[PDB]
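Heads up, the chain below is alone and in the form deposited in one PDB entry; it's given as structure tokens.
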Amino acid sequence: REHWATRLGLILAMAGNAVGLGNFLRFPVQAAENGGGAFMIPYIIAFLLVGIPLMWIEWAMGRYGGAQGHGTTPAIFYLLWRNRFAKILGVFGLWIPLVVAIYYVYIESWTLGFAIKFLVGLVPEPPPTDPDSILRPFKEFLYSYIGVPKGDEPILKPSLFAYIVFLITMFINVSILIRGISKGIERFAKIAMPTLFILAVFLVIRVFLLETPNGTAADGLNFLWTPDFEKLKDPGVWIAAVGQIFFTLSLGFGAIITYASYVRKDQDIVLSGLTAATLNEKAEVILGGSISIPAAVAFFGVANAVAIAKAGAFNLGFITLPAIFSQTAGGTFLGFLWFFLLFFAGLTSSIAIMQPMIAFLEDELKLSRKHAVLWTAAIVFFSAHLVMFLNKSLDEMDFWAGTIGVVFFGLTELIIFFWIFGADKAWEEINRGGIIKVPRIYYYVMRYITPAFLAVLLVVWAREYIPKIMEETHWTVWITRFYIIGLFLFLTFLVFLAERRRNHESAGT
């Protein structure tokens, strides 16, 4: 089996798995939509009661499986729980990252296409004070790129440029993955993460210099970092905060598990896992939090900044920020640096969510790395046509896989490891080889608090939120539901084939 070559390499690869579009695009919107500082308390609490303990659990399950030649959850769950149902529940750790990759790589491709156009100055020209006259050209630019519907049909028509850039983006992901863990992912992380850090710091500095008649970047920071204890009682804020913690730490996607499956059996995961998690959190709250929101607030004031965030997932990052930058000297190049940052952040994460399918095909069906990578890319490339052409298909996938799925899977993996496999065995396994030990209090957090917290969350979710989504959506949501259900049945079939191959092989040995 492959292994990470260096400690630093492992840490930066895991940090790049985590630090992605979630930090720079998703966090500012979630924080802004949910009251700024009012979001931050539930967020910090979720980091402590869910993010940290689940991070250690995933690293441990991955390292444990990897020791036996298995890096993905159909096999790993079965190692932990010798029951046919383990293998079926395990399919979610292939299905979730595959479905997420299907829309995530497309959005990543937009950042590359925007980086290219901004570099070469093929960008809109706003009319030199009316905000709408400045924003409209950037709205039109995004809408033309991805091809937002102008009529009643729920159909998208991406530009030829966007489509070619998607192909290029898939090629770049493949170019890294095909080189494998140490020579591909790890080597890339050592270049990409320092680059990303420097680009991000530069942009934070530039933004901190923004001052207009409507405010300063300081006003943005104050909005994000001033607590509002009256919102601690709002379930929606808690649900938002927990969903963001899963998404941002890559938990419940089978991706931390698969990366950790390349950690040597004896090598520490306590300090390493904690470090990757903290690095992500710094990039999220310090870097991601200090760019878009303070820029928007400086230019528009808090109330308008908030309304922009609520407006769409992509408004702040693909329309508003470049529009604001366009009002400054060098602003087109600053937009380039922003999209380049987003691109490296996305790329280091998308390789992490394609690696589970790759590991499964290699570990369980015994494909060569080359074939595993190319068939993985083929399935993602083909499937992404749904997200490219069907309006809101992206939203539907992000909901089932990237929102509900990961929380369900996090609870599942915790129950399997800490309850079924055995709490003391799990605890022992997490701590084995640790440079530090997990604080004792965390045993009770993992065994009782985390699953209870998650279980309640899912119930309140399913009761007061999802009913309005199974009944109040356009009929075309069933196109995406049908297809991703088919993907699950497909992956289940592959796990069935893997077991038949194993059986036929055991009979020959």
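In this text, the rigid core denotes the largest set of C-alpha atoms whose superposition between the two forms falls within 1.5 Å. Residue numbers run from 1 along the displayed sequence.
J.: Between 135 to 143 and 209 to 217, where do the CA atoms move more in 7 other deposited structures of this protein, taking the root mean square over the structures and residues after a core fit?
T.: So, of the two stretches, the farther one in 7 other deposited structures of this protein is 209 to 217.
J.: Core-aligned, RMS over all structures and residues: is 152 to 160 or 413 to 421 the stretch with the greater C-alpha displacement in 7 other deposited structures of this protein?
T.: The more displaced stretch in 7 other deposited structures of this protein turns out to be 152 to 160.
J.: Would you say residue 440 is missing from a third or more of the other compared entries?
T.: Negative; every one of those entries includes residue 440.
J.: Quick one: is residue 236 left out in at least a third of the other entries we compared?
T.: In all of the other entries, residue 236 has coordinates.
J.: Please count the deposited residues lying between residue 128 and residue 129 that the model leaves without coordinates, and give the class: none, 1 to 3, 4 to 9, or 10 or more.
T.: Gap between residue 128 and residue 129: 1 to 3 residues without coordinates.
J.: Report the stretch with the higher mean CA temperature factor, choosing between 71 to 79 and 306 to 314 on the basis of the entry.
T.: The stretch with the larger mean CA B-factor is 306 to 314.
J.: Between 280 to 288 and 129 to 137, which has the larger average Cα B-factor in the PDB entry?
T.: Between 280 to 288 and 129 to 137, it is 129 to 137.
J.: Of 218, 260, 178, 378, which one's C-alpha B factor is largest in the deposited record?
T.: Among 218, 260, 178, 378, the highest C-alpha B-factor in the entry belongs to 218.
J.: Using the entry's values, work out which of 229, 166, 92, 338 has the largest Cα B factor.
T.: Answer, based on the entry's C-alpha B-factors: 229.
J.: Using the B-factors in the PDB entry, rank residue 35's C-alpha atom against the chain and give the third, lowest, middle or highest.
T.: Its C-alpha B-factor belongs to the highest third of this chain's values.
J.: State the tercile, meaning the lowest, middle or highest third, of residue 453 with respect to the CA B-factors recorded for its chain.
T.: Highest third of the chain for residue 453's C-alpha B-factor.
J.: Is the Cα B-factor recorded for residue 110 in the lowest, middle or highest third of its chain?
T.: Its C-alpha B-factor, which the entry lists for residue 110, ranks in the lowest third among residues of this chain.
J.: Determine, from the deposited record, the chain-internal third of the Cα B-factor for residue 419: lowest, middle or highest.
T.: It belongs to the highest third of the chain when residues are ordered by C-alpha B-factor.
J.: Lowest, middle or highest third: which one holds residue 66 when the chain's residues are ordered by CA B-factor from the entry?
T.: Ranked within chain, residue 66 CA B lands in the lowest tercile.
Keep in mind the form deposited with a partner chain bound is missing from the figure; the text below concerns it.
J.: Candidate spot 7, 266 and 428, all three in 4.5 Å heavy atom range of its partner chain in the bound PDB entry?
T.: Heavy-atom distance to its partner chain in the bound PDB entry: all three under 4.5 Å.
J.: Considering its partner chain in the bound PDB entry, which of 433, 301, 227, 147 comes within 4.5 Å of it through any heavy atom?
T.: Of 433, 301, 227, 147, the residue with a heavy atom within 4.5 Å of its partner chain in the bound PDB entry is 433.
J.: Quick one: of 233, 437, 310, 183, which gets a non-hydrogen atom within 4.5 angstroms of its partner chain in the bound PDB entry?
T.: Exactly one listed residue reaches within 4.5 Å, namely 437.
J.: I need the one stretch from 208 to 216, 159 to 167, 291 to 299, 419 to 427 whose residues put non-hydrogen atoms within 4.5 angstroms of its partner chain in the bound PDB entry.
T.: Checking each option against the 4.5 Å cut-off leaves 419 to 427.
J.: In the bound PDB entry, is there a heavy atom of its partner chain that lies within 4.5 Å of any heavy atom of residue 64, even though the partner is absent here?
T.: Flag for residue 64 set to yes.
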